[PDB]
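Counting in the deposited numbering, the sequence shown runs from 327 upward without gaps.
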Amino acid sequence: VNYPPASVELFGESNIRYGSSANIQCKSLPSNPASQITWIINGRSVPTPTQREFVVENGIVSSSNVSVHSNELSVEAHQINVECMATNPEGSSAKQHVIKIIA
Ligand SMILES: *[C@@H]1O[C@H](CO)[C@@H](O)[C@H](O)[C@H]1NC(C)=O
Ligand SMILES: [Cl-]
């Protein structure tokens, strides 16, 4: 009856020009109860401004869209490591997405 999200779906630009932002979307796989989306940029948590929840047959999908801005403090070794985590009381799952900053 209750179970954690089995994984997350992570979509977005994989290469962007320095100074621009990448549109990143995270969608949890279905969970019960609903999961909270947390974002991690280069190893540190950042706010989740909004998340949107949908019901499916199994449980609930949580979705969050963010824009990741590339600048001198967010870029490390010419990339940005983005991780999305989906957590409910039964456990959590996560995926990472690497944004390359092109020269
Ligand atoms: C989130 O982004 C996806 C494309 O990556 C888009 O289809 C969807 O409508 C967006 N949702 C919101 C609330 O912006
Ligand atoms: Cl791309």
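Note that beta-carbon positions come from the ideal geometry of N, C-alpha and C, so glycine has one too.
Beta-carbon proximity check, residue i vs residue j, cutoff 8 Å
i: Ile366; j: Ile427; result: no
i: residue 315; j: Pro356; result: What the structure shows of the chain is the stretch from 327 to 429, and residue 315 is not part of that stretch, so it cannot be assessed.
i: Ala429; j: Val334; result: no
i: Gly338; j: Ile350; result: yes
Alpha-carbon spacing of residue i relative to residue j, whole angstroms
i: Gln362; j: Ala332; result: 13 Å
i: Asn397; j: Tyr344; result: 7 Å
i: residue 488; j: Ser340; result: Nothing in the structure corresponds to residue 488, since the chain is present only between 327 and 429.
i: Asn414; j: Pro375; result: 18 Å
i: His395; j: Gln377; result: 19 Å
i: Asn384; j: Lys353; result: 15 Å
i: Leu336; j: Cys410; result: 7 Å
i: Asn391; j: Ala348; result: 10 Å
Local Cβ density within 10 Å of residue i, reported as buried at 16 or more and exposed below that
i: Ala403; result: exposed
i: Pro359; result: exposed
Continuous beta strand (DSSP E) stretch holding residue i: start and end
i: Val381; result: 378-381
Opposing strand residues paired with residue i [DSSP bridges]
i: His404; result: In the DSSP output, where bridge partners are listed per residue, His404 has none listed.
i: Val424; result: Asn407
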